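First up is the structure itself, then whatever we jot down about it.
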Amino acid sequence: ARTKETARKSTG
Amino acid sequence: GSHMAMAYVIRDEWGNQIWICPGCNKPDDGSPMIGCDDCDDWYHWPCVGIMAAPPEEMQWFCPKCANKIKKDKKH
Ligand SMILES: *NCCc1c[nH]c2ccc(O)cc12
Ligand SMILES: [Zn+2]
Ligand SMILES: [Zn+2]
């Protein structure tokens, strides 16, 4: 399972 | 054609590869995507039933590949 969160524009 | 798209990865004005979830048919807007160990592509978490990042060490398959393993009667 590969996971990535590109939410670099969010504080969380 | 036998393919709705040539690849679920398009390009934006920035030239960057914008991923398209083969589930809801929507692009990545900077959210947490999960890559299947079979398809390898990036699917959205909510569409696949994921609410957080699970152990990468553990193998996981999308609702298509996880289904192709379990198998249905033929419906
Ligand atoms: N990436 C961790 C926090 C975050 C930001 N946006 C999200 C959408 C769905 C989800 O499960 C976590 C999350
Ligand atoms: Zn999706
Ligand atoms: Zn898959």
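Ligands are numbered from 1 in the order shown, residues from 1 within each chain, and chains are lettered A, B, ... in the order they appear in the structure tokens.
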Give me, as a PDB file with N, CA, C and O atoms, in the first residue's frame, the contact residues of chain B against chain A at a cut-off of 8 Å, counting only C-alpha atoms.
ATOM      1  N   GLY B  30      -4.940  17.692  -4.498  1.00  0.00           N
ATOM      2  CA  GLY B  30      -4.015  17.850  -3.399  1.00  0.00           C
ATOM      3  C   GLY B  30      -4.519  17.148  -2.160  1.00  0.00           C
ATOM      4  O   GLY B  30      -4.422  17.664  -1.049  1.00  0.00           O
ATOM      5  N   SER B  31      -5.060  15.963  -2.362  1.00  0.00           N
ATOM      6  CA  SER B  31      -5.601  15.163  -1.281  1.00  0.00           C
ATOM      7  C   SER B  31      -4.782  13.889  -1.123  1.00  0.00           C
ATOM      8  O   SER B  31      -3.893  13.614  -1.929  1.00  0.00           O
ATOM      9  N   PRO B  32      -5.032  13.108  -0.064  1.00  0.00           N
ATOM     10  CA  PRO B  32      -4.315  11.870   0.157  1.00  0.00           C
ATOM     11  C   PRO B  32      -4.803  10.775  -0.772  1.00  0.00           C
ATOM     12  O   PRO B  32      -5.959  10.354  -0.711  1.00  0.00           O
ATOM     13  N   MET B  33      -3.918  10.341  -1.644  1.00  0.00           N
ATOM     14  CA  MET B  33      -4.235   9.301  -2.598  1.00  0.00           C
ATOM     15  C   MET B  33      -3.577   8.001  -2.175  1.00  0.00           C
ATOM     16  O   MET B  33      -2.502   8.006  -1.565  1.00  0.00           O
ATOM     17  N   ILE B  34      -4.224   6.894  -2.483  1.00  0.00           N
ATOM     18  CA  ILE B  34      -3.693   5.594  -2.140  1.00  0.00           C
ATOM     19  C   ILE B  34      -3.362   4.818  -3.405  1.00  0.00           C
ATOM     20  O   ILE B  34      -4.167   4.730  -4.330  1.00  0.00           O
ATOM     21  N   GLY B  35      -2.154   4.297  -3.449  1.00  0.00           N
ATOM     22  CA  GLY B  35      -1.714   3.536  -4.585  1.00  0.00           C
ATOM     23  C   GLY B  35      -1.906   2.057  -4.371  1.00  0.00           C
ATOM     24  O   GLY B  35      -1.407   1.500  -3.387  1.00  0.00           O
ATOM     25  N   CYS B  36      -2.645   1.434  -5.274  1.00  0.00           N
ATOM     26  CA  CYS B  36      -2.909   0.008  -5.204  1.00  0.00           C
ATOM     27  C   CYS B  36      -1.608  -0.745  -5.441  1.00  0.00           C
ATOM     28  O   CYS B  36      -0.737  -0.255  -6.152  1.00  0.00           O
ATOM     29  N   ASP B  37      -1.467  -1.923  -4.851  1.00  0.00           N
ATOM     30  CA  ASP B  37      -0.249  -2.704  -5.033  1.00  0.00           C
ATOM     31  C   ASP B  37      -0.327  -3.497  -6.334  1.00  0.00           C
ATOM     32  O   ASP B  37       0.656  -4.112  -6.757  1.00  0.00           O
ATOM     33  N   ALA B  53      -3.753   7.216   6.526  1.00  0.00           N
ATOM     34  CA  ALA B  53      -2.639   6.459   5.965  1.00  0.00           C
ATOM     35  C   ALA B  53      -2.348   5.193   6.766  1.00  0.00           C
ATOM     36  O   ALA B  53      -1.960   5.263   7.931  1.00  0.00           O
ATOM     37  N   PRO B  54      -2.556   4.019   6.153  1.00  0.00           N
ATOM     38  CA  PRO B  54      -2.286   2.738   6.784  1.00  0.00           C
ATOM     39  C   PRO B  54      -0.826   2.333   6.581  1.00  0.00           C
ATOM     40  O   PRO B  54      -0.124   2.943   5.775  1.00  0.00           O
ATOM     41  N   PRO B  55      -0.341   1.316   7.312  1.00  0.00           N
ATOM     42  CA  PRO B  55       1.041   0.845   7.177  1.00  0.00           C
ATOM     43  C   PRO B  55       1.368   0.460   5.736  1.00  0.00           C
ATOM     44  O   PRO B  55       0.767  -0.463   5.180  1.00  0.00           O
ATOM     45  N   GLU B  56       2.312   1.181   5.136  1.00  0.00           N
ATOM     46  CA  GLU B  56       2.727   0.937   3.756  1.00  0.00           C
ATOM     47  C   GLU B  56       3.257  -0.483   3.577  1.00  0.00           C
ATOM     48  O   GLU B  56       3.131  -1.079   2.504  1.00  0.00           O
ATOM     49  N   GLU B  57       3.834  -1.014   4.649  1.00  0.00           N
ATOM     50  CA  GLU B  57       4.386  -2.365   4.664  1.00  0.00           C
ATOM     51  C   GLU B  57       3.304  -3.402   4.359  1.00  0.00           C
ATOM     52  O   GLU B  57       3.575  -4.451   3.774  1.00  0.00           O
ATOM     53  N   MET B  58       2.075  -3.092   4.753  1.00  0.00           N
ATOM     54  CA  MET B  58       0.954  -3.986   4.534  1.00  0.00           C
ATOM     55  C   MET B  58       0.424  -3.835   3.114  1.00  0.00           C
ATOM     56  O   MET B  58       0.225  -2.718   2.630  1.00  0.00           O
ATOM     57  N   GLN B  59       0.207  -4.955   2.444  1.00  0.00           N
ATOM     58  CA  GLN B  59      -0.308  -4.936   1.085  1.00  0.00           C
ATOM     59  C   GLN B  59      -1.794  -4.598   1.087  1.00  0.00           C
ATOM     60  O   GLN B  59      -2.537  -5.021   1.972  1.00  0.00           O
ATOM     61  N   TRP B  60      -2.210  -3.836   0.093  1.00  0.00           N
ATOM     62  CA  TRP B  60      -3.593  -3.424  -0.037  1.00  0.00           C
ATOM     63  C   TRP B  60      -3.964  -3.363  -1.507  1.00  0.00           C
ATOM     64  O   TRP B  60      -3.139  -3.009  -2.348  1.00  0.00           O
ATOM     65  N   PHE B  61      -5.200  -3.713  -1.807  1.00  0.00           N
ATOM     66  CA  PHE B  61      -5.679  -3.709  -3.174  1.00  0.00           C
ATOM     67  C   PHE B  61      -6.973  -2.913  -3.273  1.00  0.00           C
ATOM     68  O   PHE B  61      -7.771  -2.895  -2.328  1.00  0.00           O
TER      69      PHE B  61
END
Taking a cut-off of 7 Å and counting only C-alpha atoms and all ligand atoms, can you build a table that, for each residue of chain B near ligand 3, reports the nearest atom pair and how far apart they are in Å (one decimal), sorted by chain then residue number, as JSON lines?
{"residue": "B:36", "atom": "CA", "partner": "ligand 3", "partner_atom_place_in_ligand_line": "1 (Zn)", "distance": 4.8}
{"residue": "B:37", "atom": "CA", "partner": "ligand 3", "partner_atom_place_in_ligand_line": "1 (Zn)", "distance": 6.6}
{"residue": "B:38", "atom": "CA", "partner": "ligand 3", "partner_atom_place_in_ligand_line": "1 (Zn)", "distance": 4.9}
{"residue": "B:39", "atom": "CA", "partner": "ligand 3", "partner_atom_place_in_ligand_line": "1 (Zn)", "distance": 4.1}
{"residue": "B:40", "atom": "CA", "partner": "ligand 3", "partner_atom_place_in_ligand_line": "1 (Zn)", "distance": 6.8}
{"residue": "B:61", "atom": "CA", "partner": "ligand 3", "partner_atom_place_in_ligand_line": "1 (Zn)", "distance": 5.1}
{"residue": "B:62", "atom": "CA", "partner": "ligand 3", "partner_atom_place_in_ligand_line": "1 (Zn)", "distance": 4.1}
{"residue": "B:63", "atom": "CA", "partner": "ligand 3", "partner_atom_place_in_ligand_line": "1 (Zn)", "distance": 6.8}
{"residue": "B:64", "atom": "CA", "partner": "ligand 3", "partner_atom_place_in_ligand_line": "1 (Zn)", "distance": 5.5}
{"residue": "B:65", "atom": "CA", "partner": "ligand 3", "partner_atom_place_in_ligand_line": "1 (Zn)", "distance": 4.4}
{"residue": "B:66", "atom": "CA", "partner": "ligand 3", "partner_atom_place_in_ligand_line": "1 (Zn)", "distance": 7.0}
>> According to DSSP computed on the backbone, where in chain A is there strand (DSSP E or B)? Give the residues as number ranges by chain.
In response: A: 2-5
> Using only C-alpha atoms and all ligand atoms, what are the residues with an atom within 12 Å of ligand 2, set out as a PyMOL selection string?
Replying inline: chain B and resi 8+19-29+31-35+41-50+62-63
> Hey, can you check how far atom 1 (N, counted along the ligand's line) of ligand 1 sits from atom CA of residue 67 of chain B?
Replying inline: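 Computing the Euclidean distance for atom 1 (N, counted along the ligand's line) of ligand 1 and atom CA of residue 67 of chain B yields 26.0 Å.
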>> Let's see if you can do this: from backbone DSSP, list all alpha helix (DSSP H) residues in chain B, as an NGL selection string.
In response: :B and (45-48 or 65-70)
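Distances from B:4, B:18, B:52, B:9 to ligand 1 were compared using only C-alpha atoms and all ligand atoms, and the smallest one belongs to B:52.
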